[PDB]
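As provided, upload.tsv (TSV, N, CA and C atoms and all ligand atoms) reads as follows.
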```
chain	number	residue	atom	x	y	z
E	658	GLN	N	0.85	-1.18	0.00
E	658	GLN	CA	0.00	0.00	0.00
E	658	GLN	C	0.88	1.24	0.00
E	659	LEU	N	0.56	2.20	-0.87
E	659	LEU	CA	1.32	3.44	-0.99
E	659	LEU	C	0.38	4.63	-0.85
E	660	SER	N	0.92	5.70	-0.28
E	660	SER	CA	0.16	6.92	-0.05
E	660	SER	C	-0.29	7.55	-1.36
E	661	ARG	N	-1.23	8.50	-1.24
E	661	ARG	CA	-1.76	9.18	-2.42
E	661	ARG	C	-0.76	10.18	-3.00
E	662	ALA	N	0.11	10.74	-2.16
E	662	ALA	CA	1.10	11.71	-2.62
E	662	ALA	C	2.36	11.07	-3.19
E	663	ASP	N	2.46	9.74	-3.20
E	663	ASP	CA	3.65	9.09	-3.73
E	663	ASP	C	3.72	9.14	-5.25
E	664	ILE	N	2.59	9.37	-5.93
E	664	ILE	CA	2.54	9.42	-7.39
E	664	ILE	C	2.49	10.88	-7.82
E	665	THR	N	3.18	11.19	-8.92
E	665	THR	CA	3.18	12.56	-9.42
E	665	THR	C	1.77	12.95	-9.84
E	666	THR	N	1.38	14.18	-9.49
E	666	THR	CA	0.05	14.70	-9.79
E	666	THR	C	0.15	15.89	-10.73
E	667	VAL	N	-0.77	15.94	-11.69
E	667	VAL	CA	-0.85	17.02	-12.67
E	667	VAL	C	-2.23	17.65	-12.54
E	668	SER	N	-2.26	18.98	-12.45
E	668	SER	CA	-3.51	19.70	-12.30
E	668	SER	C	-4.28	19.70	-13.61
E	669	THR	N	-5.44	19.03	-13.62
E	669	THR	CA	-6.27	18.98	-14.81
E	669	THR	C	-7.21	20.18	-14.91
E	670	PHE	N	-7.18	21.08	-13.93
E	670	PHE	CA	-8.04	22.26	-13.91
E	670	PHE	C	-7.29	23.47	-14.43
E	671	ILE	N	-8.02	24.42	-15.04
E	671	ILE	CA	-7.44	25.66	-15.63
E	671	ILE	C	-7.53	26.78	-14.59
E	672	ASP	N	-6.57	26.86	-13.67
E	672	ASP	CA	-6.61	27.83	-12.54
E	672	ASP	C	-7.02	29.24	-12.96
E	673	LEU	N	-7.89	29.90	-12.19
E	673	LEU	CA	-8.29	31.32	-12.43
E	673	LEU	C	-8.17	32.05	-11.09
E	674	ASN	N	-7.15	32.89	-10.92
E	674	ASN	CA	-6.91	33.61	-9.64
E	674	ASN	C	-7.83	34.83	-9.57
E	675	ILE	N	-8.58	34.98	-8.47
E	675	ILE	CA	-9.52	36.13	-8.30
E	675	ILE	C	-9.12	36.92	-7.04
E	676	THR	N	-8.61	38.15	-7.19
E	676	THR	CA	-8.20	39.02	-6.07
E	676	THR	C	-9.26	40.07	-5.82
E	677	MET	N	-10.06	39.89	-4.76
E	677	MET	CA	-11.14	40.85	-4.42
E	677	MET	C	-10.54	42.25	-4.25
E	678	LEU	N	-11.34	43.29	-4.42
E	678	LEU	CA	-10.88	44.67	-4.31
E	678	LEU	C	-10.74	45.03	-2.83
E	679	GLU	N	-9.53	45.42	-2.43
E	679	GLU	CA	-9.29	45.77	-1.04
E	679	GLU	C	-10.10	47.00	-0.64
E	680	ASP	N	-10.55	47.00	0.62
E	680	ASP	CA	-11.32	48.12	1.13
E	680	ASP	C	-10.44	49.37	1.19
E	681	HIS	N	-11.03	50.52	0.88
E	681	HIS	CA	-10.33	51.79	0.88
E	681	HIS	C	-11.07	52.79	1.76
E	682	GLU	N	-10.31	53.56	2.53
E	682	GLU	CA	-10.86	54.57	3.43
E	682	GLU	C	-10.46	55.94	2.91
E	683	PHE	N	-11.45	56.81	2.73
E	683	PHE	CA	-11.23	58.17	2.23
E	683	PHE	C	-11.20	59.12	3.42
E	684	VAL	N	-10.14	59.92	3.51
E	684	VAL	CA	-9.97	60.88	4.60
E	684	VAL	C	-10.39	62.26	4.11
E	685	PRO	N	-10.85	63.16	4.99
E	685	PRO	CA	-11.23	64.50	4.52
E	685	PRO	C	-10.03	65.23	3.93
E	686	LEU	N	-10.28	66.02	2.89
E	686	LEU	CA	-9.21	66.76	2.24
E	686	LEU	C	-9.79	68.01	1.58
E	687	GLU	N	-9.22	69.16	1.92
E	687	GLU	CA	-9.63	70.45	1.37
E	687	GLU	C	-8.40	71.26	1.01
E	688	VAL	N	-8.44	71.91	-0.15
E	688	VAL	CA	-7.30	72.73	-0.55
E	688	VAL	C	-7.20	73.95	0.35
E	689	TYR	N	-8.33	74.59	0.63
E	689	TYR	CA	-8.39	75.76	1.49
E	689	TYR	C	-9.64	75.67	2.35
E	690	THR	N	-9.45	75.54	3.66
E	690	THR	CA	-10.59	75.46	4.56
E	690	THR	C	-11.34	76.78	4.54
E	691	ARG	N	-12.59	76.77	5.02
E	691	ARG	CA	-13.37	78.00	5.04
E	691	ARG	C	-12.69	79.06	5.89
E	692	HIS	N	-11.93	78.65	6.91
E	692	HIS	CA	-11.23	79.62	7.73
E	692	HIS	C	-10.09	80.27	6.94
E	693	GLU	N	-9.38	79.47	6.14
E	693	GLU	CA	-8.28	80.01	5.34
E	693	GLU	C	-8.80	81.00	4.30
E	694	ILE	N	-9.93	80.68	3.67
E	694	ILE	CA	-10.50	81.57	2.66
E	694	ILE	C	-10.88	82.90	3.31
E	695	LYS	N	-11.48	82.84	4.50
E	695	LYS	CA	-11.84	84.08	5.19
E	695	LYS	C	-10.60	84.88	5.54
E	696	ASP	N	-9.54	84.19	5.98
E	696	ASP	CA	-8.29	84.86	6.32
E	696	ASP	C	-7.55	85.40	5.11
E	697	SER	N	-7.90	84.95	3.90
E	697	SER	CA	-7.23	85.43	2.70
E	697	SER	C	-7.43	86.93	2.49
E	698	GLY	N	-8.54	87.48	2.98
E	698	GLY	CA	-8.78	88.90	2.81
E	698	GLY	C	-7.77	89.72	3.61
E	699	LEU	N	-7.32	90.82	3.01
E	699	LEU	CA	-6.35	91.68	3.68
E	699	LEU	C	-6.94	92.32	4.93
E	700	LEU	N	-8.20	92.75	4.84
E	700	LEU	CA	-8.90	93.39	5.95
E	700	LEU	C	-10.26	92.76	6.16
E	701	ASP	N	-10.70	92.75	7.41
E	701	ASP	CA	-11.99	92.21	7.81
E	701	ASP	C	-12.80	93.33	8.45
E	702	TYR	N	-13.98	93.60	7.88
E	702	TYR	CA	-14.82	94.67	8.41
E	702	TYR	C	-15.29	94.36	9.83
E	703	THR	N	-15.53	93.09	10.14
E	703	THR	CA	-15.99	92.72	11.48
E	703	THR	C	-14.93	93.03	12.53
E	704	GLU	N	-13.70	92.54	12.31
E	704	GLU	CA	-12.64	92.78	13.28
E	704	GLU	C	-12.24	94.25	13.35
E	705	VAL	N	-12.19	94.93	12.21
E	705	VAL	CA	-11.81	96.34	12.21
E	705	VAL	C	-12.82	97.17	13.00
E	706	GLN	N	-14.11	96.91	12.80
E	706	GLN	CA	-15.13	97.66	13.52
E	706	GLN	C	-15.13	97.32	15.00
E	707	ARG	N	-14.89	96.05	15.34
E	707	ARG	CA	-14.88	95.66	16.74
E	707	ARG	C	-13.76	96.36	17.49
C	254	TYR	N	-32.38	122.62	10.99
C	254	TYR	CA	-32.48	124.02	11.37
C	254	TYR	C	-31.14	124.73	11.33
C	255	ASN	N	-31.16	125.97	10.87
C	255	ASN	CA	-30.00	126.84	10.78
C	255	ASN	C	-30.41	128.21	11.30
C	256	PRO	N	-29.45	129.02	11.76
C	256	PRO	CA	-29.81	130.34	12.29
C	256	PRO	C	-30.30	131.29	11.20
C	257	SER	N	-31.04	132.32	11.61
C	257	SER	CA	-31.53	133.35	10.65
C	257	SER	C	-30.32	134.11	10.09
C	258	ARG	N	-30.48	134.81	8.96
C	258	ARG	CA	-29.36	135.51	8.28
C	258	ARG	C	-29.09	136.87	8.93
C	259	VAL	N	-27.93	137.06	9.56
C	259	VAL	CA	-27.53	138.39	10.10
C	259	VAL	C	-26.14	138.69	9.50
C	260	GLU	N	-25.94	139.87	8.92
C	260	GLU	CA	-24.69	140.19	8.17
C	260	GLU	C	-23.41	140.03	8.99
C	261	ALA	N	-22.28	139.77	8.33
C	261	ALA	CA	-20.94	139.63	8.96
C	261	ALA	C	-21.05	139.13	10.40
C	262	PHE	N	-21.67	137.97	10.61
C	262	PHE	CA	-21.78	137.38	11.96
C	262	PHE	C	-21.83	135.88	11.87
C	263	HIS	N	-21.22	135.19	12.83
C	263	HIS	CA	-21.31	133.71	12.91
C	263	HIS	C	-22.48	133.41	13.84
C	264	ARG	N	-23.26	132.37	13.55
C	264	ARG	CA	-24.39	131.95	14.36
C	264	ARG	C	-24.41	130.43	14.43
C	265	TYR	N	-24.91	129.91	15.55
C	265	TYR	CA	-25.00	128.47	15.79
C	265	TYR	C	-26.46	128.05	15.92
C	266	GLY	N	-26.85	127.07	15.11
C	266	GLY	CA	-28.21	126.54	15.11
C	266	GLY	C	-28.21	125.06	15.41
C	267	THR	N	-28.84	124.67	16.52
C	267	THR	CA	-28.89	123.27	16.94
C	267	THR	C	-30.14	122.58	16.42
C	268	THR	N	-29.99	121.31	16.06
C	268	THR	CA	-31.08	120.48	15.56
C	268	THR	C	-31.04	119.14	16.28
C	269	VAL	N	-32.18	118.75	16.86
C	269	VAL	CA	-32.30	117.49	17.59
C	269	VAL	C	-33.46	116.73	16.95
C	270	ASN	N	-33.15	115.62	16.29
C	270	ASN	CA	-34.15	114.79	15.61
C	270	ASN	C	-34.19	113.41	16.25
C	271	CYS	N	-35.22	113.16	17.06
C	271	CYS	CA	-35.35	111.85	17.69
C	271	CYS	C	-35.58	110.80	16.61
C	272	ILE	N	-34.85	109.69	16.71
C	272	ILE	CA	-34.94	108.62	15.74
C	272	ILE	C	-35.03	107.28	16.46
C	273	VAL	N	-35.96	106.45	16.00
C	273	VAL	CA	-36.17	105.10	16.53
C	273	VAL	C	-36.26	104.18	15.33
C	274	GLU	N	-35.53	103.07	15.37
C	274	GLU	CA	-35.50	102.12	14.27
C	274	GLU	C	-35.48	100.68	14.75
C	275	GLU	N	-36.02	99.80	13.92
C	275	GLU	CA	-36.02	98.37	14.20
C	275	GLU	C	-34.88	97.76	13.40
C	276	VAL	N	-33.87	97.24	14.09
C	276	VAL	CA	-32.69	96.68	13.44
C	276	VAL	C	-32.55	95.21	13.79
C	277	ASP	N	-31.92	94.47	12.87
C	277	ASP	CA	-31.68	93.05	13.06
C	277	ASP	C	-30.32	92.86	13.71
C	278	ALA	N	-30.32	92.35	14.93
C	278	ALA	CA	-29.09	92.12	15.68
C	278	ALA	C	-28.54	90.73	15.37
C	279	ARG	N	-27.22	90.63	15.37
C	279	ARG	CA	-26.52	89.38	15.10
C	279	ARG	C	-25.46	89.14	16.16
C	280	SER	N	-25.21	87.87	16.46
C	280	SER	CA	-24.21	87.50	17.46
C	280	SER	C	-23.64	86.14	17.10
C	281	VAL	N	-22.40	85.89	17.55
C	281	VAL	CA	-21.70	84.64	17.30
C	281	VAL	C	-21.13	84.13	18.62
C	282	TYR	N	-20.73	82.87	18.60
C	282	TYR	CA	-20.16	82.24	19.78
C	282	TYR	C	-18.91	83.01	20.22
C	283	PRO	N	-18.68	83.19	21.54
C	283	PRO	CA	-19.44	82.74	22.72
C	283	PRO	C	-20.69	83.58	23.02
C	284	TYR	N	-21.18	84.36	22.06
C	284	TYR	CA	-22.37	85.19	22.24
C	284	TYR	C	-22.20	86.20	23.37
C	285	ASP	N	-20.99	86.71	23.57
C	285	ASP	CA	-20.72	87.70	24.60
C	285	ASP	C	-20.97	89.13	24.13
C	286	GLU	N	-21.26	89.32	22.84
C	286	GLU	CA	-21.52	90.64	22.29
C	286	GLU	C	-22.32	90.46	21.01
C	287	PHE	N	-22.95	91.54	20.55
C	287	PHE	CA	-23.75	91.49	19.34
C	287	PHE	C	-23.63	92.81	18.60
C	288	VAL	N	-23.89	92.75	17.29
C	288	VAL	CA	-23.84	93.90	16.41
C	288	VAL	C	-25.26	94.21	15.97
C	289	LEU	N	-25.43	95.37	15.35
C	289	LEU	CA	-26.72	95.84	14.86
C	289	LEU	C	-26.65	96.02	13.35
C	290	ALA	N	-27.82	96.19	12.73
C	290	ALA	CA	-27.88	96.38	11.29
C	290	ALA	C	-27.13	97.63	10.84
C	291	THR	N	-26.95	98.61	11.72
C	291	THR	CA	-26.24	99.84	11.39
C	291	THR	C	-24.73	99.70	11.52
C	292	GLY	N	-24.23	98.52	11.85
C	292	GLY	CA	-22.80	98.31	12.00
C	292	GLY	C	-22.23	98.70	13.35
C	293	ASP	N	-23.08	99.04	14.32
C	293	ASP	CA	-22.61	99.43	15.64
C	293	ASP	C	-22.50	98.20	16.54
C	294	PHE	N	-21.37	98.09	17.23
C	294	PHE	CA	-21.14	96.97	18.13
C	294	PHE	C	-21.70	97.26	19.52
C	295	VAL	N	-22.23	96.22	20.15
C	295	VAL	CA	-22.79	96.30	21.50
C	295	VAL	C	-22.06	95.25	22.33
C	296	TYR	N	-21.18	95.71	23.22
C	296	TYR	CA	-20.38	94.82	24.06
C	296	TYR	C	-21.15	94.36	25.29
C	297	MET	N	-22.16	93.52	25.04
C	297	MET	CA	-23.01	92.96	26.07
C	297	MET	C	-23.67	91.72	25.49
C	298	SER	N	-23.71	90.66	26.28
C	298	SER	CA	-24.32	89.43	25.81
C	298	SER	C	-25.81	89.65	25.55
C	299	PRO	N	-26.36	89.13	24.45
C	299	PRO	CA	-27.80	89.34	24.21
C	299	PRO	C	-28.70	88.76	25.29
C	300	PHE	N	-28.21	87.77	26.03
C	300	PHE	CA	-28.98	87.12	27.09
C	300	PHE	C	-28.67	87.66	28.48
C	301	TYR	N	-27.93	88.76	28.58
C	301	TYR	CA	-27.62	89.33	29.88
C	301	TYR	C	-28.90	89.83	30.56
C	302	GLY	N	-28.97	89.63	31.87
C	302	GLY	CA	-30.14	90.05	32.61
C	302	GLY	C	-29.96	89.77	34.09
C	303	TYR	N	-31.00	90.12	34.85
C	303	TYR	CA	-30.98	89.91	36.29
C	303	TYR	C	-31.66	88.61	36.71
E	801	LIG	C1	-3.15	32.29	-8.42
E	801	LIG	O1	-3.29	32.02	-9.80
E	801	LIG	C2	-2.13	31.44	-10.43
E	801	LIG	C3	-2.44	31.33	-11.90
E	801	LIG	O2	-2.70	32.62	-12.46
E	801	LIG	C4	-1.81	30.10	-9.78
E	801	LIG	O3	-0.62	29.57	-10.35
E	801	LIG	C5	-1.61	30.33	-8.29
E	801	LIG	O4	-1.33	29.11	-7.62
E	801	LIG	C6	-2.86	30.97	-7.69
E	801	LIG	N1	-2.70	31.13	-6.26
E	801	LIG	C7	-1.68	31.77	-5.67
E	801	LIG	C8	-1.69	31.76	-4.18
E	801	LIG	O5	-0.80	32.33	-6.32
```

Give the structure from the file, written as C-alpha cells.
Ligand SMILES: *[C@@H]1O[C@H](CO)[C@@H](O)[C@H](O)[C@H]1NC(C)=O
Amino acid sequence: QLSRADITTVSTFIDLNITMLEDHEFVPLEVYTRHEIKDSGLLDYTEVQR
Amino acid sequence: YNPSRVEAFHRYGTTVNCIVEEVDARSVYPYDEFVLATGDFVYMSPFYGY
C-alpha cells in the first residue's frame, strides 16, 4: 500500500486567480478650509469695527 | 435748522431729531456681544439680565 502523494500529480483544472478589491478609506481633504479663505482677505470689516 | 441771516456774523443753530429704528441684531459664539444692522457693536451678551 502506498500513499496518495507518492505518485506525481498534474492539475487537470485551468486555474483562475480572483483578487477581491481591497477596502479603501477616504480621509477629509480640502485645498483651502473655510477659515483660510476668510483669512485670505487683507482686511476684515468685522474685526476692524470691533 | 440753521440760524436766521444776520450780516458779517457767525451763528449756531442746533437740531435734535429723535430717531427710533427696528434693526436686526446678530451674534456669534461665545455670544458675549452682538452687532446691529447699522454696523454698531454692542459689548453685552444678548442674554444678559438679572
Ligand atoms: C493564483 O493564480 C495562479 C495562476 O494565475 C496560480 O498559479 C496560483 O497558484 C494561484 N494562487 C496563488 C496563491 O498564487

Exercise answer, 12 Å around ligand LIG 801 (chain E) with only C-alpha atoms and all ligand atoms, as a PyMOL selection string: chain E and resi 668+670-676

Separation of CA of residue 282 (chain C) from CA of residue 301 (chain C), in Å and rounded to one decimal: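 Result for CA of residue 282 (chain C) versus CA of residue 301 (chain C): 14.4 Å, one decimal.
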
Measure the distance from CA of residue 293 (chain C) to CA of residue 266 (chain C) in Å and round it to one decimal.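 Computing the Euclidean distance for CA of residue 293 (chain C) and CA of residue 266 (chain C) yields 27.7 Å.
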
Contact residues around residue 300 (chain C) with all atoms listed in the file at 8 Å, ignoring same-chain residues under 2 positions, as an mmCIF file with N, CA and C atoms, in the frame of the given file:
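Once written, result-v5.cif looks like this:
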```
data_model
loop_
_atom_site.group_PDB
_atom_site.id
_atom_site.type_symbol
_atom_site.label_atom_id
_atom_site.label_comp_id
_atom_site.auth_asym_id
_atom_site.auth_seq_id
_atom_site.Cartn_x
_atom_site.Cartn_y
_atom_site.Cartn_z
ATOM 1 N N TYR C 284 -21.180 84.360 22.060
ATOM 2 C CA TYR C 284 -22.370 85.190 22.240
ATOM 3 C C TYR C 284 -22.200 86.200 23.370
ATOM 4 N N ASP C 285 -20.990 86.710 23.570
ATOM 5 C CA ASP C 285 -20.720 87.700 24.600
ATOM 6 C C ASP C 285 -20.970 89.130 24.130
ATOM 7 N N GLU C 286 -21.260 89.320 22.840
ATOM 8 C CA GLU C 286 -21.520 90.640 22.290
ATOM 9 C C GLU C 286 -22.320 90.460 21.010
ATOM 10 N N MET C 297 -22.160 93.520 25.040
ATOM 11 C CA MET C 297 -23.010 92.960 26.070
ATOM 12 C C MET C 297 -23.670 91.720 25.490
ATOM 13 N N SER C 298 -23.710 90.660 26.280
ATOM 14 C CA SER C 298 -24.320 89.430 25.810
ATOM 15 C C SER C 298 -25.810 89.650 25.550
ATOM 16 N N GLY C 302 -28.970 89.630 31.870
ATOM 17 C CA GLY C 302 -30.140 90.050 32.610
ATOM 18 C C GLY C 302 -29.960 89.770 34.090
ATOM 19 N N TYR C 303 -31.000 90.120 34.850
ATOM 20 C CA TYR C 303 -30.980 89.910 36.290
ATOM 21 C C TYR C 303 -31.660 88.610 36.710
#
```

So how many Å separate CA of residue 277 (chain C) and CA of residue 289 (chain C), to one decimal? 6.0 Å

What box, with edges along x, y and z, holds each listed atom of region 683-694 of chain E when 6 Å is added on every side, and can you state its centre and edge lengths in Å to one decimal, as AutoDock Vina command-line options?
```
--center_x -10.3 --center_y 69.9 --center_z 3.6 --size_x 18.2 --size_y 38.1 --size_z 20.3
```

At a cut-off of 12 Å, which residues of chain C touch chain E? Count only C-alpha atoms and give the answer as a PyMOL selection string. chain C and resi 279-281+286-289+291-296

Enumerate the residues of chain C with a DSSP assignment of strand (DSSP E), computed from the backbone, and present them as a VMD selection string. chain C and resid 279 to 280 287 to 288 294 to 295

So which bits of chain E end up alpha helix (DSSP H) when you DSSP the backbone, as a VMD selection string? chain E and resid 691 to 696 702 to 706

Since the input is missing atoms, can you rebuild N, CA, C and O atoms for region 662-682 of chain E and write them as a PDB file, keeping the file's coordinate frame?
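Just written: selection-v2.pdb:
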```pdb
ATOM      1  N   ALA E 662       0.110  10.740  -2.160  1.00  0.00           N
ATOM      2  CA  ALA E 662       1.100  11.710  -2.620  1.00  0.00           C
ATOM      3  C   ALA E 662       2.360  11.070  -3.190  1.00  0.00           C
ATOM      4  O   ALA E 662       3.254  11.807  -3.619  1.00  0.00           O
ATOM      5  N   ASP E 663       2.460   9.740  -3.200  1.00  0.00           N
ATOM      6  CA  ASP E 663       3.650   9.090  -3.730  1.00  0.00           C
ATOM      7  C   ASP E 663       3.720   9.140  -5.250  1.00  0.00           C
ATOM      8  O   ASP E 663       4.803   8.958  -5.809  1.00  0.00           O
ATOM      9  N   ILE E 664       2.590   9.370  -5.930  1.00  0.00           N
ATOM     10  CA  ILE E 664       2.540   9.420  -7.390  1.00  0.00           C
ATOM     11  C   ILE E 664       2.490  10.880  -7.820  1.00  0.00           C
ATOM     12  O   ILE E 664       1.852  11.716  -7.165  1.00  0.00           O
ATOM     13  N   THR E 665       3.180  11.190  -8.920  1.00  0.00           N
ATOM     14  CA  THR E 665       3.180  12.560  -9.420  1.00  0.00           C
ATOM     15  C   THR E 665       1.770  12.950  -9.840  1.00  0.00           C
ATOM     16  O   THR E 665       1.043  12.165 -10.450  1.00  0.00           O
ATOM     17  N   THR E 666       1.380  14.180  -9.490  1.00  0.00           N
ATOM     18  CA  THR E 666       0.050  14.700  -9.790  1.00  0.00           C
ATOM     19  C   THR E 666       0.150  15.890 -10.730  1.00  0.00           C
ATOM     20  O   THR E 666       1.031  16.740 -10.572  1.00  0.00           O
ATOM     21  N   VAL E 667      -0.770  15.940 -11.690  1.00  0.00           N
ATOM     22  CA  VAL E 667      -0.850  17.020 -12.670  1.00  0.00           C
ATOM     23  C   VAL E 667      -2.230  17.650 -12.540  1.00  0.00           C
ATOM     24  O   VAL E 667      -3.242  16.951 -12.510  1.00  0.00           O
ATOM     25  N   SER E 668      -2.260  18.980 -12.450  1.00  0.00           N
ATOM     26  CA  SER E 668      -3.510  19.700 -12.300  1.00  0.00           C
ATOM     27  C   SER E 668      -4.280  19.700 -13.610  1.00  0.00           C
ATOM     28  O   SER E 668      -3.847  20.305 -14.596  1.00  0.00           O
ATOM     29  N   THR E 669      -5.440  19.030 -13.620  1.00  0.00           N
ATOM     30  CA  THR E 669      -6.270  18.980 -14.810  1.00  0.00           C
ATOM     31  C   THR E 669      -7.210  20.180 -14.910  1.00  0.00           C
ATOM     32  O   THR E 669      -7.971  20.268 -15.880  1.00  0.00           O
ATOM     33  N   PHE E 670      -7.180  21.080 -13.930  1.00  0.00           N
ATOM     34  CA  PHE E 670      -8.040  22.260 -13.910  1.00  0.00           C
ATOM     35  C   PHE E 670      -7.290  23.470 -14.430  1.00  0.00           C
ATOM     36  O   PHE E 670      -6.064  23.561 -14.314  1.00  0.00           O
ATOM     37  N   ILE E 671      -8.020  24.420 -15.040  1.00  0.00           N
ATOM     38  CA  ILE E 671      -7.440  25.660 -15.630  1.00  0.00           C
ATOM     39  C   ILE E 671      -7.530  26.780 -14.590  1.00  0.00           C
ATOM     40  O   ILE E 671      -8.457  27.589 -14.680  1.00  0.00           O
ATOM     41  N   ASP E 672      -6.570  26.860 -13.670  1.00  0.00           N
ATOM     42  CA  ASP E 672      -6.610  27.830 -12.540  1.00  0.00           C
ATOM     43  C   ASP E 672      -7.020  29.240 -12.960  1.00  0.00           C
ATOM     44  O   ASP E 672      -6.509  29.706 -14.005  1.00  0.00           O
ATOM     45  N   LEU E 673      -7.890  29.900 -12.190  1.00  0.00           N
ATOM     46  CA  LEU E 673      -8.290  31.320 -12.430  1.00  0.00           C
ATOM     47  C   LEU E 673      -8.170  32.050 -11.090  1.00  0.00           C
ATOM     48  O   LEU E 673      -9.049  31.831 -10.225  1.00  0.00           O
ATOM     49  N   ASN E 674      -7.150  32.890 -10.920  1.00  0.00           N
ATOM     50  CA  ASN E 674      -6.910  33.610  -9.640  1.00  0.00           C
ATOM     51  C   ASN E 674      -7.830  34.830  -9.570  1.00  0.00           C
ATOM     52  O   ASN E 674      -7.823  35.616 -10.530  1.00  0.00           O
ATOM     53  N   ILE E 675      -8.580  34.980  -8.470  1.00  0.00           N
ATOM     54  CA  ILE E 675      -9.520  36.130  -8.300  1.00  0.00           C
ATOM     55  C   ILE E 675      -9.120  36.920  -7.040  1.00  0.00           C
ATOM     56  O   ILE E 675      -9.304  36.371  -5.936  1.00  0.00           O
ATOM     57  N   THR E 676      -8.610  38.150  -7.190  1.00  0.00           N
ATOM     58  CA  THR E 676      -8.200  39.020  -6.070  1.00  0.00           C
ATOM     59  C   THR E 676      -9.260  40.070  -5.820  1.00  0.00           C
ATOM     60  O   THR E 676      -9.327  41.028  -6.608  1.00  0.00           O
ATOM     61  N   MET E 677     -10.060  39.890  -4.760  1.00  0.00           N
ATOM     62  CA  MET E 677     -11.140  40.850  -4.420  1.00  0.00           C
ATOM     63  C   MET E 677     -10.540  42.250  -4.250  1.00  0.00           C
ATOM     64  O   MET E 677      -9.332  42.333  -3.950  1.00  0.00           O
ATOM     65  N   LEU E 678     -11.340  43.290  -4.420  1.00  0.00           N
ATOM     66  CA  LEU E 678     -10.880  44.670  -4.310  1.00  0.00           C
ATOM     67  C   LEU E 678     -10.740  45.030  -2.830  1.00  0.00           C
ATOM     68  O   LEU E 678     -11.708  44.953  -2.072  1.00  0.00           O
ATOM     69  N   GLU E 679      -9.530  45.420  -2.430  1.00  0.00           N
ATOM     70  CA  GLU E 679      -9.290  45.770  -1.040  1.00  0.00           C
ATOM     71  C   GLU E 679     -10.100  47.000  -0.640  1.00  0.00           C
ATOM     72  O   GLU E 679     -10.322  47.918  -1.428  1.00  0.00           O
ATOM     73  N   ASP E 680     -10.550  47.000   0.620  1.00  0.00           N
ATOM     74  CA  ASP E 680     -11.320  48.120   1.130  1.00  0.00           C
ATOM     75  C   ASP E 680     -10.440  49.370   1.190  1.00  0.00           C
ATOM     76  O   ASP E 680      -9.250  49.286   1.506  1.00  0.00           O
ATOM     77  N   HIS E 681     -11.030  50.520   0.880  1.00  0.00           N
ATOM     78  CA  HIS E 681     -10.330  51.790   0.880  1.00  0.00           C
ATOM     79  C   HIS E 681     -11.070  52.790   1.760  1.00  0.00           C
ATOM     80  O   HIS E 681     -12.302  52.848   1.722  1.00  0.00           O
ATOM     81  N   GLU E 682     -10.310  53.560   2.530  1.00  0.00           N
ATOM     82  CA  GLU E 682     -10.860  54.570   3.430  1.00  0.00           C
ATOM     83  C   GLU E 682     -10.460  55.940   2.910  1.00  0.00           C
ATOM     84  O   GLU E 682      -9.275  56.201   2.677  1.00  0.00           O
TER      85      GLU E 682
END
```
